[PDB]
Structures are given as structure tokens and as C-alpha cells.
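Asks: Take a look and give me a structure for this.
(2 chains, ligands or ions: 1)
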Amino acid sequence: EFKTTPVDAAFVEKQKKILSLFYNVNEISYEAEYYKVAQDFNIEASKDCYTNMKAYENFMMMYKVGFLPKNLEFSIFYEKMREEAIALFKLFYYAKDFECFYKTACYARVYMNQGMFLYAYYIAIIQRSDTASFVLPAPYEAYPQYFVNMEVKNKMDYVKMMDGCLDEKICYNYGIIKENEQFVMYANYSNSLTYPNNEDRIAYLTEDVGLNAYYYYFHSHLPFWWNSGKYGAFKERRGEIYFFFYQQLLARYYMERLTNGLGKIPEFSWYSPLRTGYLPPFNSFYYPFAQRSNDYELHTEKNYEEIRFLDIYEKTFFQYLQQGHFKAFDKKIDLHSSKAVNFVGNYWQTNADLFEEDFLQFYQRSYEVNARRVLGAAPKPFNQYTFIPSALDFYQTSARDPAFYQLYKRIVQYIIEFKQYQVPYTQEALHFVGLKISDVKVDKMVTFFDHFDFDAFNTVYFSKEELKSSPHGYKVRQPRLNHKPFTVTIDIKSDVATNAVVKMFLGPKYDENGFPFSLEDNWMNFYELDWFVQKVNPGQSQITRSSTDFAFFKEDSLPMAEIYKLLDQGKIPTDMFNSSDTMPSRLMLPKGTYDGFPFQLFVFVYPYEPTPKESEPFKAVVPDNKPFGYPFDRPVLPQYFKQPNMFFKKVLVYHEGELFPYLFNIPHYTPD
Amino acid sequence: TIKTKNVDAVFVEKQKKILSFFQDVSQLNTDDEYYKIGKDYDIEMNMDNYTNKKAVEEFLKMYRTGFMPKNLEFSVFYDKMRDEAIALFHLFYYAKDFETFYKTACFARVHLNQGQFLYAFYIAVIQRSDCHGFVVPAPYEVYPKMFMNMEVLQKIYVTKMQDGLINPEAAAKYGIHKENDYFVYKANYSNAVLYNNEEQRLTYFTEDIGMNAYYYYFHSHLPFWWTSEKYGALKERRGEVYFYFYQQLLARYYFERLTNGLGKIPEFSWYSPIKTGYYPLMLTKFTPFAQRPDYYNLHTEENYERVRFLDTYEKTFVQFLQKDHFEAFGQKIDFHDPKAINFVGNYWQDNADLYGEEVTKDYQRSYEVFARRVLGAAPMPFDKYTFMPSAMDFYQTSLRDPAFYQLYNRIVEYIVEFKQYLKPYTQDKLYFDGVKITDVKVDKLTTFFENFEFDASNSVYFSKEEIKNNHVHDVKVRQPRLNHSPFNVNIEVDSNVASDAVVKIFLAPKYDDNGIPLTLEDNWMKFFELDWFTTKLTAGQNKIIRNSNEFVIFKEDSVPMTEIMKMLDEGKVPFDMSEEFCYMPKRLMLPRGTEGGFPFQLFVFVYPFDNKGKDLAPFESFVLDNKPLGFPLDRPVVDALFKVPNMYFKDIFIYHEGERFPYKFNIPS
Ligand SMILES: *[C@@H]1O[C@H](CO)[C@@H](O[C@@H]2O[C@H](CO)[C@@H](O[C@@H]3O[C@H](CO[C@H]4O[C@H](CO[C@H]5O[C@H](CO)[C@@H](O)[C@H](O)[C@@H]5O)[C@@H](O)[C@H](O)[C@@H]4O)[C@@H](O)[C@H](O[C@H]4O[C@H](CO)[C@@H](O)[C@H](O)[C@@H]4O)[C@@H]3O)[C@H](O)[C@H]2NC(C)=O)[C@H](O)[C@H]1NC(C)=O
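Replies: Numbers count the residues shown, from 1 in each chain, chains lettered A, B, ... in the order given. Take a look:
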């Protein structure tokens, strides 16, 4: 009951090579294969490992100067850095074949900044079409310092310096135990000291490792600085998925807020104090992460120039809308087409497609980068290779900061302002003639917390001796949200014999007040649970769909220990290779309440139009003509949403066992 | 020991007529023939005597409506006043020949406001081709009230009211002495009575009479409101000239900051308070200059509409940056093109060339103007001719106000933003085949303060009696000013093949505030050009000696008019006043050192002098080169793609000798 895929022996060899660069990423083992291979890799004499001569020579130019030194923090949001990671990726991506890529990576694993190496390496593995099917470690196993609060990281460093536990009893009381000769450290989510306000209610979501990893995978599947020509016809839809990704994520987040009684995502101004502070429980080699207080004044001497830029970046968009048709980055933008939809997203992300070039150029300033800089609260960088980090400097920690959700809310509002220019769906575009949903039934929907382990060994240091055998076994254990399986049953009268699409969303039923949401105001608050095609036949029939089969959710990634165990059996975990960029399903449902929190499930059935065969960047691109998020991709006329083939069903989400995650990490106490 | 030049009969006569207009400037000598000419001079009747029929007629329409009254204070930053100045300028500028020009000035001296007249006349003498090579007095001799504090002014008034000294030994205690037939007044900088913040540390530079004269000349040489058609190939480089003047100045200013322990010019916001106040000790015949208190809220009620304009002006530029290529003001513009500096500079200046027109118009609001006005903290002008002056209403006073440096720093930074779109120079563009600088040595560099006197008589009103006997020149101001010893730069160069070469010398700081060595990457706009010249290299090894006294970019102290009247009787003219008048003064080349030797660096660059391709000699004898202003540091640098054998960075230290503080020169007993 963990999805398997069989896999042959040539595969095992290549997968083992790729996985091996992730062992002890923070130090160098002189007797690892990678070290020998890098010693033996003559880079000057290797023009013929590369499909692209320019990339090679471009790398050598920067190479001869020198790169970002080992041990410094890496972030693509600083330019000098970005130009280097991009050079590294071009090398990885234009390597003739696998041998070539492996020597290049070994070299980089040895001689280059570990952050930069891991960033380029992940992206290249996802992007190279000969590596497309290989599995990667979960990002929290590759960069545990981005996923572990200081408290836990310190406890582990402490256990290491002592070479183990003084005595068991002392240790157990501090949440430190041995299991099968490995160390396990119980971890709480952070308290009122890092989230000095109500946002702490939600720390179990915002600090969730799955949810942070998801954002990282999203970025690495199509990074802003890269064009999307690798993906064919998807190029003309890149901006669409940008909106969708953020609209869905914020919809997921607002639902968490509702169950924890927290109301709307706050709005703000660049010219005003921002309310919800955040003190990141992280440090880099030199600096504690930058802290932002409650009521932090965004508008100060240090951010004035940035704020001017941000301000006119948004107001330009207003000017576009005001005008309908306008000259923008080559063509005339007409707001009534869908070349408009694409433009809108590329505009807000300042991605490579906006400029219709291959890679983001050195002088093109991004809206999102400057926003993160203002909101990150950090002091200005010490030099081009040394910045003071904040949660917003990385996709791995971004979702920990309340400001992150506020910033994307603002962008999503802006896009929704443009979406006011889109013609709404008519009766005839949504009516499925000859078919009616007569009823929807759902099993009990139940959430709970349960423990979850990962190996954090990459954040622990090891002697020359211990390294000779790839040492690990430093596990973090944490209560994480989860739900039970449940089945949706859909009942249908049908005249016709066609293939059909069934979509299901979850959205709010009541606002923070107690009033029924009205669709005109709530369509942006629905997130997709599922999509699939079904043969329908006339009469009454019924489709059953288990939550374990929902399209947009995955199983927890396996740890590397387990990946290797499986490899020795010719086995690969499906969800880790066929769909890493997908939301973990443990977070499928907001945390419920013991009585049951009211949400609603929208079930929509429409005719299926045979759409060709692609191989797009994400799981969110289903083989359909339909816009992403359809029929909730755009403003609603409510009288058109009483279609026989639509059905809004009230459902309560329960919760069972302890309502608070800390109750799982108390020494002489066991929960429920 | 003042660089001379010889001169003929016709020259001296004209030059005397020209200098006649700068003495006793605020009064009229009934008996002087300039007056007899002036009173009766008929413009209508003389229409055939001007190159431009419509300029005469335009002037005439305005003159009947009415020009600004006399004694009222003149500033070009106000519509009506400026319009009258331009109408007057045109008339001077389109006079057929000298006689006509001379007479038109006579009329204008007699009939029109003093400041308006001198403003227009000064510019006219600089712009008229038949006038090229003539000499004008120093701005400080013409407008003395603007180059000195109240205390001094008032001592001058008191002495004049008493017709001398009631008690010479008492007057002595106040720094007032009779030296033969002169009254000499010692003057402190303002910090000697006012230390209302750390900016007052810099008064020996910001209040310096030469520096302030320097800005005035720069304005006059090519005022913002006029096209540069006259200067030919500089028309296509005007924005570049505007950026570079300001870039060089702020580097120079910054140097002064570093040596008094002050660091970066602070950023500001039209929507927030601005830190440092400005409390001017200048008087105007009619009013005090306006103060800005510390923490002054730039966004108060009177300023709402002003700030909306200024914020939009800026935001429109930020829009340009965001879209790379665009159409504005009738021009397709590409920010990838280095030539785009021309537009960038022209836009920030709202000059006539921005619009491809000869003169700017009222509806074309300037950013500089309204920025000046808001930061000047004045109340609303009472009407078209009655305003409360602040330092920034005049070119002769601007450098006094720390806010001025904040305002142009901001402008320069936006141009630097544009400059980020330019690709950095590669090795090949900079590398000088077979040429290597092997050593550089420099004589000791010492700064020091030294007394300087200027004729301040125009600040004073003489009696009918005194005007007739010509007793109009007995008031001098003595003041300690910055200076430095002359120094040689010894450069040793190697080259395979003999070749014609260009040598450039720059000054830049060694460390930031934290004491980390400067990367070129962050700091290429903090380099200040000292000199360029050409030499001929030979096969083998070369020794190049260059003295500070011969740097092309700086001038000598100008001579007082009285001393020029003396020279004209001998057929001599002060060379640096004729053709180098708008250069920075030599004595201000170096920032004030420290007793220990403050750390700086010399950058020497040697490159091939191919031929004379693109060649500036109409405006400035500055750029006889195809090369950007401030080449090779006119754009971003990558340290490792940049350094080549024909470059040398030498560490140097600037020392200071003698009295540290100007006021120690002004003590009695
Ligand atoms: C205390 O405060 C007050 C208030 O501010 C000050 O009062 C002002 O004083 C000045 C004097 O310094 C006055 O200006 C003068 O006004 C005269 C007349 O003004 C009008 O008439 C002009 C002439 O035309 C007339 O023609 C016929 C007559 O046959 C009539 O049909 C018609 O009504 C006209 O009145 C008009 O052209 C003009 O538009 C006025 O409405 C002027 O004669 C005089 O002009 C001379 O001076 C100018 C100086 O620059 C010069 O340009 C001209 O060539 C001309 O020779 C002069 O300007 C103000 O009128 C007066 N203001 C008010 C509101 O009353 C006062 O000075 C101050 N006192 C002290 C001690 O400080």
C-alpha cells in the first residue's frame, strides 16, 4: 500500500550515482567515488562533453575568475549568484549524455558552493529529458537546515559533539531517543516567540515540511529565469498556471485560517506599517536570519528606491487595464483574448517568457524579488556574495512567513482585476445537455495528527573516519497533519453515451461572520481536489472516487534509506518520480473540529474533448482544452451555476485525537 | 606669476566697455556715457540692427506690458522672470555686431532690473561668437551679497554708514582694517557661529567662493532653457555632459565627506521628513533667505500638488527602465544603446533639447525647478515677482545647501540605473597591445588653508560724489580658502612599438566607511578625473612626468577687475579667465587631508590615441576623443574583466598642514 513501479538493472546503477551526490552534502569525503571522478575530470579539456559551445565557454570565463565560495548562503534572488547557478545549469543541461552529466556534477559537488550545486543539480535532473524519470530525495533531506527549527538543529549538534547520549533518561526527557541505533529528535512547531501573533495558530501548516517542499518542487519544475520552449504548446499557457498555482495555494491557506478562526488574508501598503511580524528560527554561517517585528514600517530610508520601483510596477498594470489595448514588450496586448491571460502571469512574475528570451538577463529587475527584499526586513547585503538571509530568500522557507501569503494575495487580486475584463461563461458553455447529477454522498472526512520522520543527517558533521561509510541516522520526528481515506459517490441521470470529465473542488461555506458565501465572491476560494475521465451510459448510474486516487495529491516521499532498500528489489516509488510537484495528500483537508467544520464540495461533470499527447511541466496540466481551474478560473454569474450537471454539497470536516500538535511530544504522556 | 596673454587696441576698448557693466552694478552714473546712450536708445527704430526680426518684436510686446521692477530679487526658476530674461537675452544675442550689442546693454542697464540684466548680459558675453575670448569678472565680484554671510555684510554697511572707522583699534577686534585706501573684512565660514548638525563640518567646501562660482559658470555656459544647436556635435551629447558634471561634483563632495568622517549622502522621500536642515545667514535687500528646519515634512499641505508632479516625473523614468525600448517625446529610444544617455540626461534636466526646440516653454514643467522649490522650504510666492528666496533659487548659492547634494545624488543614481543596461567593457576594448605601466610615484600631497581676498564693493551703495570721483572700489573680503602644494605624477610605461597614446588620471577613495578596500564593481562612479593628455611612446621604456599645475581640468584663481584694468593698460589679459573660466579651481583639486595622511588612490589608464574621430571643441576643449565622458569608467565594471597591463592603481595619502580650522585664521590681538 505504497505505490510501486518496477525498474531494471541499468536503472539502478544510474539512480545510485545520482543519489550518491546527496550524501553528506556539507562536507567532502576523499574516498567517495565522486571525489575521484572530480579529481580525474579535466574541465579545460572537455569541450566535447557539451552540446552547446557557448555554455561551455561561458562557464570557463566565470570559472577562471571564480565562484561563490563554499559555506556561504545561496539564493537565486541575488544577481551575481543567479548568473552563476544558471551557468552551472547550462553545463548540466547540455551534457551529451549521462556520463558527462555525472562527471560535471561530481566536479561541482566537490569544488562548488553546496547550495548552488544542489539548486542546479535538482533542476537539471528534473529538466534533462534523459533524467526525467529518476527519483530525487525530498528537499528536507537535502537541505535540512531549511526545515528544522534551531532548537532541534542544536539538540542534534549537541548529541553529535558528545558522540551520543550521556544517559538515556536525561535524553528522553529532552525528546531524544535511540531506535535501531539511530537518533530520533521530537520537534514542536514554533511558538509565540517566532510568530508573535495569531498566525501562530497556523504554524503546523506554515512550517509543514511537505508544504515547504511542494513550493520548492514547483519552482524547480519551471524556474522563472528559464523560458518554457522545452514544453511546446504549454508555453502559450505559462502565465495561466502561475495564477492558478497561487490562487489554489491561497485558497488552501484561507481554509486553514477559517478553521482556526482567523479571517481574511490581510492587505497592506508599501507606505504603511505591516502588522504581522515573524522571527525566522534559522541561521546561516554568519547571520541569524533577519527578523521583522509587528508593525514594521516598510517605508524607510533603506527601501525607498525599492518601493518606488514596486509602486510603478503595479500602477503600470492599472494603466494597461485602464486602456484595454496597449503596446507591451513587442506586440499589442488585447485584453479580450487569452494571449492576454498568458501575458498577465508572465508580467507579474517577470519570467523569461515576458521578454521572449531564453534566460532572464542581468539587468531585468523583478517585481517579486524586490517585494521579498522589502518584506524580508534584512539589512542590505555586505557584498555580492554575502547577503543577510530571510525566510523569503528561499523557496524552501518562503511559506513559513505570513508576509509571503500576503504578497501573493496582492498579486492574485491584481490579476483578478484584469479578469474582470474576461467574458463570463454562459448557460450553454457550462450546461451538459442530457445529464444531471442527482446526489453526492461522502464518507466521514476526518483529520488527525500523527508522527512523521525524516533523516536530518545532512545538517550534522562527521569525522574523516565516519564519512568513509556515508553516515546518517539523525532523524527528526514531528506531528504532521493527515486525514483518513474517504470515498465520494456521485449519482447521475444521463440520456447520452459519452466520456465525461468529473471535477471536484473544496471551498468555504460560511465566512468568518456566519453568512453563506455567495459564488460571485467565493469562486477564487475553491481548490481542486480531483479530475478524471469516465465512460457514462444512459439511465441512472453512479461513479465512485476514493481520496487515495485524487489526481492532485501524492503520498509522502520515502527517505533515501528506503529508496536504496527499494532499489535492491528493482522497485521505484511511483509518486516520487511520476508526480513530485504535487501537494502531499496529508494536507488535503484543513484541520477540522470535533463537531465538524462546514465546507462545501463542488462537483462538476462536463463533456470530454479528446486533446492530444504532450509531456508538460506539472501534474496540474490535465489533457484538456479547458482553462486551468475551469469553471472557477474567472468571475461568476451566479444564476448560471444551477446547472443540472453541477452540485454543491455541504460537508463537515471532523478532527480526531489531540487537537494540538504539542500534545504528541510531551515526555511521560501519550495522546488521544 | 599669473598666466598672461597679449592683446591689441580694438580689444582693450571693447573689453573696457564690457567691464564697465560690472562695477557699481546697483546704481547709475548719470555722467557716464553708457547712461547717455542708454536713456535715449530706441529699439523700434533700430530693428534693422538685429539678425532676428521676431526677437525684437517679442521683446517689444513684453516691454510695453512691463518688465520686473528694479531692486526686486531675480531668479530664473520662475516663469515670468525667466521669460523676460530670455526675451532680453535674445535681443543681446541677435544684435548684428558689437556696437549694437553694446548699446542694447546700455539701454538695458538703465531701464531694467539689475539681476535680470546681469544674468542676461553675462550669458550673452559667453555665447556671442564675436565675444569669444573676452573676459568676465568672477561671479563673487559681481554678486558679492550671495557669497558672504550677514555678519560680514553688516560690518560693511556699518563702516560705510560711518564713512570709516570711529575706533580703528575697536574695528580691529572685529576683523576690520584699513590697508592704504581699502577696507578689508575678515570672514569666517558659518560654522563659526552655527553648528546645528554635522554637515557644518563641510563649510570650507560648500561655502567656498570658487566652488559656488564654478556652478554659476556651468549654468551660464549652457543654460537649461536653451538649445545647444550653437555647439554643434555636443547637441547629441548634451545629456552625457549633464550627467558627468553632476557625477564629478558629487564624487568631489563625497571625498570631502570621507575626510571629515561622514560617509554616504542620505536618500530621501517626497513623502517623509528630511533630516538635515539648512539655516542660511544670507540677506536679500528685501528679505531673509528661507530656513528648513531639521526633520522638515516635505509632504505638507502647500506641497501636495508639487509632490504629485515630482513623484510622477520620477515614476515615469522608472517606467522607462522597466520597458527597455519605448517611444517618448517623439523619439524611439533604446536603453541598450549607450547613446541613450543623451535622452536620459535631457529628460532629467527638462532642457530645450528634450523637445528639439530653441527655448523651453512654461507648460513644460521642470523637475529640477519644483524639486528645488519644495526642498527650499519657502512659503508660496506672494506673486510673479515677489518670492522668499532660498539657497536653491540661485546658481550662486545652491552648493550651500546639503539638500542640493541629496537632490542631485538621487538624479545621478537614476542615471546609474539606466547605465546598468550597458554591457561592461571586455578585456579587448581596454587592452593596449604591448603596453604596460610598470610604476607610478607621486610627490607628497598636502592641503592647507590660505587667505584670499575679493572685491566686495558691489554690495555697497556709493554717494553721487563718490560715483563721480570714481571712488567705488574700497571694500575687500579676506577669507581662508583650501589650497594644496603642486605635485608631480611620475609614470613609467613599457611598449614594443612606438605609438600615439592617451593618458588619463583619476582620483578615488581607498576604503569604504568600514575600512574594506573598494571594488570597482560598486564604486566606479566615485572616481574623479584629474587629467588627460596625449604623449608619444617609443620602443623600450618611457618616463612621463606630469605636474598638477598643468592638469587640463582645473583653472587658476581669477583676477580682480581692478587688476584687469591695470593689465589692459599693458595689453595683457588673464589667460584662465578667457578660455578656462568654467573649470574647477586648482586650489580645490584635493579634498582636505588629515594630519596622518588620509588614504586614497590614483588610477592611471593609458590607451591608444588612434586619430581625431569624434572631436569636441565647440563647448569644451574636453573630449577630443570618440570616447564616453569618464571612459573607461562610464558604466559598470567587472573587476576581473577590467584590469589590464596598461592600468595602474597607486595607493596615496592626502596630508594636511598648518592650521586645521579656517577660523583660526580670523582671530584678533
Ligand atoms: C505698500 O503696499 C502696497 C500694496 O502692495 C504697494 O502698493 C502698490 O504700489 C505700487 C507702487 O510701487 C503700485 O504700482 C504702480 O501702479 C500705478 C497704477 O497702477 C495701475 O495703472 C497702470 C497705469 O495705467 C493706468 O492708465 C489709465 C490712467 O489714465 C487708467 O485708465 C487705468 O486705470 C490705469 O490705472 C496699469 O498699467 C496697471 O495695470 C495698474 O492697474 C502705475 O502707474 C505704476 O506703474 C509704473 O511703475 C512700474 C514699476 O515696475 C513700471 O513698470 C511702469 O513703467 C510704470 O512707470 C506703478 O507700478 C501698485 O499699484 C500698488 N498696488 C496696489 C494693490 O495698490 C505700496 O507700494 C507699498 N508701499 C510701500 C512704501 O512699500
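
Asks: What sits closest to residue A:239 if chain neighbours are left out?
Replies: Spatial nearest neighbour of residue A:239, excluding adjacent residues (C-beta to C-beta, 6 or more residues apart in numbering or on different chains): residue A:345 at 2.3 Å. Bear in mind the C-beta positions are built from the backbone N, C-alpha and C, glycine included.

Asks: element containing the one you found?
Replies: Secondary structure assigned from DSSP states H and E places residue A:345 in helix A:339-349.

Asks: what number of residues lie near residue B:327?
Replies: 9 (other C-beta atoms under 10 Å in any protein chain shown).

Asks: returning to that earlier point: quickly check: whatever helix or strand comes next after the helix holding residue A:345 near chain B or not.
Replies: Sequence order places helix A:367-376 as the next helix or strand after helix A:339-349, per DSSP H and E. No. Shown here: helix A:367-376 not in contact with chain B (C-beta under 8 Å from any C-beta of the partner chain), separated by at least 9.4 Å.

Asks: Helix A:367-376 packs against which elements?
Replies: If contacts are counted by 3 or more C-beta pairs under 8 Å, 6 or more residues apart in numbering or on different chains; DSSP states H and E, helix A:367-376 sits against helix A:304-323, helix A:339-349, helix A:402-418.

Asks: Quick check: which of these is buried the most?
Replies: helix A:339-349 (a mean of 22; mean count of other C-beta atoms under 10 Å in any protein chain shown).

Asks: Hmm, residue B:187 and residue B:148 touching each other?
Replies: Yes. Residue B:148 lies in contact with residue B:187 (C-beta atoms under 8 Å); the separation is 6.1 Å.

Asks: Identify the residues contacting residue 95.
Replies: With no chain named, the answer covers chain A. Taking C-beta atoms under 8 Å, 6 or more residues apart in numbering or on different chains, we find residue A:95 in contact with A:49-51, A:101, A:104, A:128.

Asks: sorry, should have said chain B
Replies: Residue B:95 touches B:49-51, B:101, B:104, counting by C-beta under 8 Å, 6+ apart.

Asks: any idea which of these is the one closest to residue B:313?
Replies: Distances from residue B:313 to the contacts of residue B:95, taken as C-beta to C-beta, are shortest for residue B:51 (35.8 Å).

Asks: now the closest residue to the closest one other than its chain neighbours: how far from chain A?
Replies: Leaving aside its chain neighbours, residue B:51 sits nearest to residue B:94 (4.3 Å; criterion: C-beta to C-beta, 6+ apart). Using C-beta to the nearest C-beta, to the nearest Å, residue B:94 is found at 43 Å from chain A.

Asks: Leaving out the residues flanking it, which one is nearest to residue 414?
Replies: I'll assume chain A. residue A:317 (6.0 Å).

Asks: should've been chain B
Replies: residue B:317 (5.8 Å).

Asks: Give me the helices and strands touching the helix or strand in which that neighbour is found, please.
Replies: Taking DSSP H and E as the criterion, the element that holds residue B:317 is helix B:304-323. Helix B:304-323 sits against helix A:304-323, helix B:367-375, helix B:402-419, with contacts defined as 3+ C-beta pairs under 8 Å, 6+ apart.

Asks: Could you point out the helix or strand that follows it?
Replies: strand B:325-328.

Asks: Run through the neighbouring helices and strands of the helix or strand encompassing residue B:217.
Replies: Per DSSP H and E: residue B:217 is located in helix B:209-221. Counting contacts by 3+ C-beta pairs under 8 Å, 6+ apart, helix B:209-221 is packed against helix B:114-127, helix B:139-142, strand B:475-484, strand B:584-585.

Asks: Go through these and name the closest to residue A:136.
Replies: Among the helices and strands packed on helix B:209-221, strand B:584-585 comes nearest to residue A:136, with 62.4 Å by C-beta to C-beta.

Asks: could you point out which element follows that closest one?
Replies: strand B:598-608.

Asks: Pull up the pairing partners for that next one, direction included.
Replies: Partner strands for strand B:598-608, per DSSP bridges, with pairing direction: strand B:499-509 (antiparallel), strand B:647-656 (antiparallel).

Asks: list the buried ones in the longest one?
Replies: In this case it means strand B:499-509. The neighbour-count criterion (16 or more other C-beta atoms under 10 Å in any protein chain shown) identifies B:499, B:501-509 as the buried residues of strand B:499-509.

Asks: mind exporting it as CSV, just the C-alpha atoms?
Replies: Presented in CSV, the C-alpha positions along strand B:499-509 are these (Å, rounded to 0.1, in the frame of the first residue of the first chain):
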residue,chain,number,x,y,z
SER,B,499,52.7,54.8,-30.7
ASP,B,500,50.5,57.9,-30.0
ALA,B,501,48.7,57.4,-26.6
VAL,B,502,46.2,58.9,-24.3
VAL,B,503,46.9,59.1,-20.6
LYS,B,504,44.2,59.6,-18.0
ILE,B,505,44.4,60.2,-14.3
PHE,B,506,41.6,59.6,-11.8
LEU,B,507,41.3,60.1,-8.0
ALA,B,508,39.2,57.7,-5.9
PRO,B,509,38.8,56.7,-2.3
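
Asks: Can you name the two of the contacts of residue B:95 that sit furthest apart?
Replies: B:51 and B:104 (12.5 Å).

Asks: who has more neighbours, those two?
Replies: residue B:104 (27 against 13).

Asks: A helix includes the more buried one, no?
Replies: Yes. Counting by DSSP: H, G, I helix; E, B strand; the rest coil, residue B:104 is part of a helix.

Asks: my read: it touches residue B:93, true?
Replies: No. Between residue B:104 and residue B:93 there is no contact under C-beta under 8 Å: 10.0 Å.

Asks: List the residues that are in contact with both of residue B:148 and residue B:187.
Replies: Listed as contacting both residue B:148 and residue B:187 by C-beta under 8 Å, 6+ apart are residue B:477.

Asks: if you skip the residues just before and after it, what's nearest to residue 319?
Replies: In the absence of a named chain, this looks at chain A. residue A:326 (7.4 Å).

Asks: you looked at the wrong chain, it should be chain B
Replies: residue A:312 (5.8 Å).

Asks: What ranges does the stretch 101-250 of chain B have for its helices?
Replies: B:114-127, B:139-142, B:150-162, B:168-173, B:203-206, B:209-221, B:238-259 (DSSP state H, counting those that start in this stretch).

Asks: Need the ones you listed in CSV (columns: mean neighbour count).
Replies: Compiled in CSV, the helices of the stretch 101-250 of chain B are given as follows (neighbours: other C-beta atoms under 10 Å in any protein chain shown):
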stretch, mean neighbour count
helix B:114-127, 22
helix B:139-142, 24
helix B:150-162, 17
helix B:168-173, 12
helix B:203-206, 21
helix B:209-221, 21
helix B:238-259, 22
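
Asks: I'd like to know which of those helices is closest to residue A:542.
Replies: Short answer: helix B:238-259, nearest of those by C-beta to C-beta, at 74.6 Å.

Asks: what packs against that closest one?
Replies: helix B:341-349, helix B:402-419, strand B:499-509, strand B:528-537, strand B:598-608.

Asks: try 6 Å
Replies: helix B:341-349, helix B:402-419 (3 or more C-beta pairs under 6 Å, 6 or more residues apart in numbering or on different chains; DSSP states H and E).

Asks: so which of those is the most packed in?
Replies: Of the helices and strands packed on helix B:238-259, helix B:341-349 is the most buried (mean count of other C-beta under 10 Å), at a mean of 24.

Asks: which bits of the stretch 1-150 of chain A sit near chain B?
Replies: residue A:65 (C-beta under 6 Å from any C-beta of the partner chain).

Asks: Contacts only, for the residue in the stretch 251-400 of chain A that chain B sits nearest to.
Replies: Nearest residue of the stretch 251-400 of chain A to chain B, counting by C-beta to the nearest C-beta: residue A:312, 4.5 Å away. Contact analysis of residue A:312 by C-beta atoms under 6 Å, 6 or more residues apart in numbering or on different chains lists B:315, B:318-319.

Asks: State the distance from it to residue B:541.
Replies: 56 Å (C-beta to C-beta, to the nearest Å).

Asks: for the contacts of residue B:95, which one is nearest residue B:438?
Replies: residue B:101 (55.6 Å).
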